[PDB]
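Student: Residue numbers (the authors' numbering), protein chains in the order written: chain E, 27 to 186, 207 to 780; chain D, 27 to 186, 207 to 780.
From the three backbone atoms N, C-alpha and C, an ideal C-beta is built for every residue, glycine too.
Pasting a structure here, questions to come.
Number of protein chains: 2
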Amino acid sequence: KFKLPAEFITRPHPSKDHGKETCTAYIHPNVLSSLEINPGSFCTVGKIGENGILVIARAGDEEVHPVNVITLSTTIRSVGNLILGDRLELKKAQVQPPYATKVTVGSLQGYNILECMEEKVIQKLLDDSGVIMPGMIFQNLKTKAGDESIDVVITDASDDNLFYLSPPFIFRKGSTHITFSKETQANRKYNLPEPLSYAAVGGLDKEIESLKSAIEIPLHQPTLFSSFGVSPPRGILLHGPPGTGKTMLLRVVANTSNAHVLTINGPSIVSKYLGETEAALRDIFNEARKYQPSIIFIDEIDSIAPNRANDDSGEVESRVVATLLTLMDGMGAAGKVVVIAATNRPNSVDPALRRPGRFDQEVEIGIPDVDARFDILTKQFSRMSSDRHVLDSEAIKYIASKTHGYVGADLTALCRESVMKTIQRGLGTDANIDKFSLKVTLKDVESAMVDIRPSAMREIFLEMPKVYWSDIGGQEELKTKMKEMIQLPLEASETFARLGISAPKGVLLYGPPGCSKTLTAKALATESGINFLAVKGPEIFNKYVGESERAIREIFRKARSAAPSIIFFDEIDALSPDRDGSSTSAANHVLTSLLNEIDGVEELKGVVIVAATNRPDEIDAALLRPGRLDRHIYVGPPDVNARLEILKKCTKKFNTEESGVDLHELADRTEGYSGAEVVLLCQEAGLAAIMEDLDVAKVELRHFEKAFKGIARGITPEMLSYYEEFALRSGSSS
Amino acid sequence: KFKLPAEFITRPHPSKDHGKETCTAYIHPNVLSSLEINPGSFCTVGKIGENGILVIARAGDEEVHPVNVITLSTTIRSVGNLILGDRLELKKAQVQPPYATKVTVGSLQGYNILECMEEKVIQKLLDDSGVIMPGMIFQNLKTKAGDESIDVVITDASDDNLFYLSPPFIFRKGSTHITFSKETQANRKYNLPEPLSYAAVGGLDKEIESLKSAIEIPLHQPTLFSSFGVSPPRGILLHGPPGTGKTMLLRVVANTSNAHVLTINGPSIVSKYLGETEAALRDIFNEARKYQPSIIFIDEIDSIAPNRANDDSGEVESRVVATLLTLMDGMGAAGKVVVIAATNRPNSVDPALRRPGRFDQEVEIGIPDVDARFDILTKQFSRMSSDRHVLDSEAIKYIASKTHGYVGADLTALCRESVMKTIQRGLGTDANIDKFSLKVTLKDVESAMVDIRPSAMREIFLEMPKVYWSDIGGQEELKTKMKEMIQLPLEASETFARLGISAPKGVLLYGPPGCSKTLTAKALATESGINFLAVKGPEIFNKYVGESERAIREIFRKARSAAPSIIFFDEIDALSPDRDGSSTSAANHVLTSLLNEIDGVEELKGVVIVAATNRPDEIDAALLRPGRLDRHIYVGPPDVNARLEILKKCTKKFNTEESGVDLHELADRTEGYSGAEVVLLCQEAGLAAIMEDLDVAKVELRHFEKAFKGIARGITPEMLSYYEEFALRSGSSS
Ligand SMILES: Nc1ncnc2c1ncn2[C@@H]1O[C@H](COP(=O)(O)OP(=O)(O)OP(O)(O)=S)[C@@H](O)[C@H]1O
Ligand SMILES: Nc1ncnc2c1ncn2[C@@H]1O[C@H](COP(=O)(O)OP(=O)(O)OP(O)(O)=S)[C@@H](O)[C@H]1O
Ligand SMILES: Nc1ncnc2c1ncn2[C@@H]1O[C@H](COP(=O)(O)OP(=O)(O)OP(O)(O)=S)[C@@H](O)[C@H]1O
């Protein structure tokens, strides 16, 4: 008794697609007999659990075709997004689709179908197709010039449903109005599965290029590699943050290639007892060997190959890893098969799968930067941009600037929640709203992301508030010094590379606490015209595996790898103290990392290391001397006019001037109050404001008078003396 | 009711000769019945997780044949390289394999079969064989008149749904041509497993023969010891750094020796249920006793048999070690059983497990010598085709001498990376180039070696901007003496050896700050070729009771493992406080650990120490003693002719001579300057020049004139008199 397989395997149809064989997917005649299916008859082909698609049953050769294999012309696989290795469910159809009266025909790129190709050849393809559902493609179509490939998609067909993903219509010549259209997708109401192509993967062009090379080299041309007697780089591994296009990159690799896509599912490949896990792995790799070229995907390989050094690993992990070691290192030198693995983090995968010959090639998928978010946002925003009509591309930069932490996944969730808030905006404006009349808006998008948890954390990007050289409080002497000395060496970069001389290394920005110290570095991050970076004091300084001597190296590597940078070292004096008999901290590592990084082989073409301090006498002597820091200047608390404009800056939502006391009046009233202490006076006044009216009021002069009492003179002569004592040393050769 | 085994134990036939029993697998009657494998019918037997071998089933004697065992001939086992004790599946094949048309036969020995044997012999062998598959070896066939015996191999088989490891074919006398060949292995098309052999192991010759002796006598000649009234040595332990080839030895021992082969793959036996790990060990040793002779392998013994006295070893480790101890020497007997184990940490193995009677022998497997590395490289490169282009001896000998501290895994990685480099160069030439002819040229090996790191050196991070002797201005005396120390003793080894003289193995470079002290160490590092470990003064002054001495000892351990190597102790004055009043530092014992490591009860052969101090008399007389720091070199300030060379080096990208800037005047007027101050002079003149312009202003003598006005002489006459005084009491006749 012949046994009918439950699931059939999609595979190419060596016959051409231009013929009458569009929906005549050849089926093994034994299956045709065993399922009461007549030749040239319609039957439903579809993935498990999905709505069916219509194919015409045609008998194939018994010997050539194995029983399971079902061959589809490449026109119908694109209907239901049938990629190779997709298990099917053959069933017998019962209703013959009616003929067609109108068909709207699309194109890939919007090319004028009238101008490029004849109507006769298009009609020939369509008629010979016989039955047309919305969603196929007619490929490799020769044009009038003979050198252009334009593909005929079909947007819709109308005649003047259940368990069918789309209802076809039997295209017949004579009255079918073939009205060509610029739409690049099938009819939207049915929503036939959209391919996840390369143009939906934005933000990882370099990484996708590396992945493409790693897939092509073992997949298409392993023979010429194998002549050398050492196995190809079959094993590729993807790792990085657990939100950045990992499974999506695997899915696009599945879609684009024409290589038989197998899949090593994590949980479902394993049944029970013995000889089931190894049986599954053997069978799947053997099938990937029979049908070539093939890709073997292992998404989240960690869930089945932990280190065996953790209590998680049991018998099953030992089975999976042993079988994979036996297989992946055994096959080769002729098989056109690649194994691609991805993981949230790779470091917990058994090394036996990581040695060369096993997964040894790597693709690093990294956090998207501020400039990286633009492509993600715009391409994500494409699916309905015709109904956005709001972008104009400028809000996208703002979003990218304010989404430090989002990993692309959260950006897509932001799109989802924005669409929700647009639906609810339509409902709130009018209960019986028409959503299609709505264009999404940035205000409701803001009302949207104000209710999502952003991401894991922010690593190389900070708030970086907008500060300008046009607003920094007075101190035109400070301004002129910092310009002359930190922008000139950042201008002369090639002229140092030629003439062979290293560039000045950095400035230390002497000054008492609470000044514009780093708030000027905020302008460096806003209006310098040069990208910025910082570590706000002893974050990296702490004693951890990746902080003792590693995080400094990573920070410098990111900064140097970028365009010129003004890397910042807030309170370097407190970070690494003198440690020469006075204030001996226990780190001993971070200063060594800085010493080995700043002075060494690295290029550091576009890099200047700025730092900040309020107790400069505590800096390690290895920094003051030229070689690590060789520029040195002093920042003072704001002068009377700088204090005028800092007083202006403190207020952001108060009307003291017109109602109360002029801000201009306060300019000289504030003496001994540092840039972060005039803030203290203003904030004490603001807290006192909510004590008199308690709901809504201006402030009083006496509020600022109480600010004067409650906060004594901040900038006292002690710091003047301590500085000038240190400055007679720093300023002079002593 | 009868329960068929889930996995089956391989075993040999009692009959060693060739007949109609050859391709027959003797399976138990009940198992035959339960899979319905009717006697005489075809069945497939193959390791779990691999493709099967077709074998024709017979019955075993139901009372003396164990249920688990299938017995297979050496001919069949040669196909899949099935070692005795391998766990086989057994599955019915409802098939009749195809007839043969042309069968190819070869011989391991490569001798002409027409000359050695009569074709009727081969015809009879094949006819009786019943089945033909590529990969079969018919061993011990006698030559003409019994001259010798030859092994004959079925290299290929051709005929003009199950899946098999080798194609099954049938021999039908006369109608299938027995075509001879000289290929000593089966056709490479088939991916047949290829036996690993001792010829693939490099070096370790004496260790290999020790393994041969301790494997052969206990298993294959015990009555010799029973005759001599002594017990057999039932234990071998292999210890040595990782990557030296310990598992390779175990696999070759498994595949070469004719014995029941069992493996405890450390964590593979472990279970979370109370007594199951111990029960796995008992079953393994009882199986070894049952089928004799038997070899039991334990790779990483330390993973399952820890010290049993240390803190983390609780009751579970105690019970597992007790099981191992009692199964090796207890109230039970051993039999013809030998246990072979491997470990990277011999002292972490339980001390009572290494006593004679258990692991009697400890065959050390250490890092390779230059001869050993040459052997490994020749055997690795013998695996390739005639695309090597590395002269079998010369180029490989250069690569072997240039590899210092390599262990053997890294050498295989180097060969694979060389293949990678050659083929990426091929891709960079053109994508469609005929790669196979892209011989790996020695420069490809060089490009590969710069991208690999010796096993003993992954953790030795260095920035090391590739300093060369010519960078050091002058100092010809120091250069000559450092050539004496580092280079010559290896480039003239036989001369020193024949004179009975070991070259001095310590030097102290002392002199004012900013001379060529550290730069000469870096020049040695990046010109001597040998490894180079670096240390600094206060980086190894942890504040715990014994953590600094541990740093010293770890450094010297790595230096020994990576010898030839330099250890450069910059700021050796930090490591040498007397603490009696001279350098009254903390109560640390770093000096003593350094003293004992340099010259103690252990010898420290092969390492050379270079120490640099700018305060030479603050060093202990014991450390300056010959045998610790033999030669004391005074690296003083550069004289005029060295200054001129410095200026020529750094100013070459200036157009000084085209501008009339006479370097003679600069050299003469920079008298008594520190050489670092000469470099500073030129770099500061460059700053001055490129401060007037953002474009390239060629330096001018007046910018140098400005420079001279600021750079103070860092070397006072006091320092010079001090160092010249130390250069009289020590390292001088006085
Ligand atoms: N360039 C991009 N970077 C990141 N995500 C993107 C990008 N482009 C689109 N996305 C969307 O990101 C969403 C989530 O990405 P996924 O790859 O599915 O997450 P993941 O890679 O599975 O993460 P894990 O937990 O490490 S497996 C998808 O629905 C994509 O539509
Ligand atoms: N002559 C050789 N000596 C050493 N290794 C060799 C040699 N020839 C090849 N190799 C390779 O080097 C490795 C030797 O096996 P390894 O298991 O890595 O050594 P081992 O680390 O001492 O054993 P372990 O730690 O129990 S896995 C393998 O990857 C071999 O392919
Ligand atoms: N012949 C030379 N004499 C002195 N310095 C030289 C010479 N040639 C080059 N230099 C440069 O001068 C500087 C001297 O640096 P080092 O070699 O570290 O001197 P050093 O005496 O080891 O300093 P220490 O160890 O901190 S006391 C480096 O920038 C060298 O590149």
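(1) With respect to 8 angstroms, is the separation between the Cβ of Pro558 (chain D) and the closest non-hydrogen atom of ligand 4 below this value?
(2) So which residues of chain D does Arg328 (chain E) contact, with C-beta pairs closer than 9 angstroms?
(3) By DSSP's criteria, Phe614 (chain D) is part of a beta bridge. Which residues make up the other side?
(4) Cutting at 6 angstroms between CB atoms, please list the residues of its own chain near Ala379 (chain E), excluding the five before and the five after it.
(5) For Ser607 (chain E), would you say it is in contact with chain D, using Cβ-to-Cβ distances shorter than 9 angstroms as the test?
(6) Checking the sheet assignment: what are the DSSP bridge partners for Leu308 (chain D)?
(7) Can you grab the Cα-Cα spacing for the pair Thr181 (chain D) / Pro339 (chain D), in whole Å?
(8) Less than 6 angstroms between C-beta atoms, sequence neighbours within five positions excluded: which residues of the same chain meet that for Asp186 (chain E)?
(9) What number of angstroms, rounded off, separates the C-alpha of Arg674 (chain E) from the C-alpha of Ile644 (chain E)?
(10) Would you list, in chain order, the members of the stretch 542-561 of chain E that have their beta-carbon closer than 8 angstroms to a beta-carbon of chain D?
(11) Quick one: give me the first and last residue of the beta strand (DSSP E) that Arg674 (chain E) is part of.
(12) Would DSSP call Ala32 (chain E) helix, strand or coil?
(13) Do the CB positions of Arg759 (chain D) and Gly718 (chain D) come within less than 9 angstroms of each other?
(14) Are there 16 or more other CB atoms within 10 angstroms of the CB of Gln521 (chain D), so buried, or fewer, so exposed?
(15) Just to confirm the assignment, what range does the alpha helix (DSSP H) spanning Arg748 (chain E) have?
(16) Quick check on the burial criterion: 16 or more other C-beta atoms within 10 angstroms. Buried or exposed for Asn478 (chain E)?
(17) Let's test the definition: count the other Cβ atoms within 10 Å of the Cβ of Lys219 (chain D) and tell me whether it reaches 16, buried, or not, exposed.
(18) Would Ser359 (chain E) pass as an interface residue toward chain D - the criterion being a Cβ-Cβ separation below 9 angstroms?
(19) What's the call for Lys336 (chain D), buried or exposed, on a 16-neighbour Cβ count within 10 Å?
(20) So who's on the other strand from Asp182 (chain E), going by DSSP bridges?
(21) Write down the C-beta distance between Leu61 (chain E) and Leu30 (chain E) rounded to the nearest angstrom, noting that I regard them as a contact closer than 8 angstroms.
(22) Could you tell me which residues DSSP pairs with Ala85 (chain D) in its beta bridges?
(23) Just the chain D side, please: which residues come within less than 9 angstroms of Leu373 (chain E) by C-beta, in chain order?
(24) How long is the line joining the alpha carbons of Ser780 (chain E) and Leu774 (chain E), rounded to whole angstroms?
(25) Please list the terminal residues of the continuous beta strand (DSSP E) segment that includes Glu115 (chain D).
(26) Taking beta-carbon pairs under 9 angstroms, can you tell me which members of the stretch 414-442 of chain E lie near chain D?
(27) How many Å lie between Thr487 (chain E) and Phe602 (chain E) at the Cα?
(28) Can you grab the Cα-Cα spacing for the pair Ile163 (chain E) / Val179 (chain E), in whole Å?
(29) Identify each residue in the stretch 27-41 of chain D for which the Cβ-Cβ distance to at least one residue of chain E is less than 9 angstroms, and report them in chain order.
(30) If you run the structure through DSSP and keep just helix, strand and coil, what is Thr697 (chain E)?
(31) Just to confirm, are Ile618 (chain D) and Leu669 (chain D) a CB contact at a threshold of 9 angstroms?
(32) By DSSP's criteria, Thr762 (chain D) is part of a beta bridge. Which residues make up the other side?
(33) Anyone know if the C-beta pair for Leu641 (chain D) and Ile613 (chain D) falls short of 9 angstroms?
(34) How about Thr50 (chain D) and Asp112 (chain D): are their beta carbons less than 9 angstroms apart?
(35) Tell me whether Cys728 (chain E), by its Cβ, gets closer than 8 angstroms to a heavy atom of ligand 3.
(36) Between which two residues does the beta strand (DSSP E) holding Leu250 (chain D) run?
Tutor: For this structure:
(1) Summarising the ligand content, the structure contains ligand 1, ligand 2 and ligand 3 and does not contain ligand 4.
(2) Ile74, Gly75, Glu76, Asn77 and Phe209
(3) Per DSSP, D:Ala580 and D:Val656.
(4) Same-chain partners within the cutoff: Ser272.
(5) no
(6) D:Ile342
(7) 31 angstroms
(8) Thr127
(9) Inter-residue distance for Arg674 (chain E) and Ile644 (chain E) is about 6 angstroms (C-alpha atoms, whole angstroms).
(10) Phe542, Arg544, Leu545, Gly546, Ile547, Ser548 and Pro550
(11) From DSSP, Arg674 (chain E) is part of no beta strand (DSSP E); its letter is neither H nor E.
(12) coil
(13) yes
(14) buried
(15) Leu747 to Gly756
(16) exposed
(17) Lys219 (chain D) should be labelled exposed.
(18) yes
(19) A residue is called buried when at least 16 other Cβ atoms come within 10 angstroms of its Cβ; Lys336 (chain D) does not meet this threshold and is exposed.
(20) E:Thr130
(21) 7 angstroms
(22) D:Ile53
(23) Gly75 and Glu76
(24) 8 angstroms
(25) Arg113 to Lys118
(26) So nothing in the stretch comes that close.
(27) The straight-line gap from Cα to Cα measures roughly 40 angstroms.
(28) 5 angstroms
(29) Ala32 and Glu33
(30) coil
(31) yes
(32) Per DSSP, none; premise fails for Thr762 (chain D).
(33) no
(34) Going by C-beta atoms, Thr50 (chain D) is not nearer than 9 angstroms to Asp112 (chain D).
(35) no
(36) Segment: none, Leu250 (chain D) is in no beta strand (DSSP E) and carries neither H nor E.
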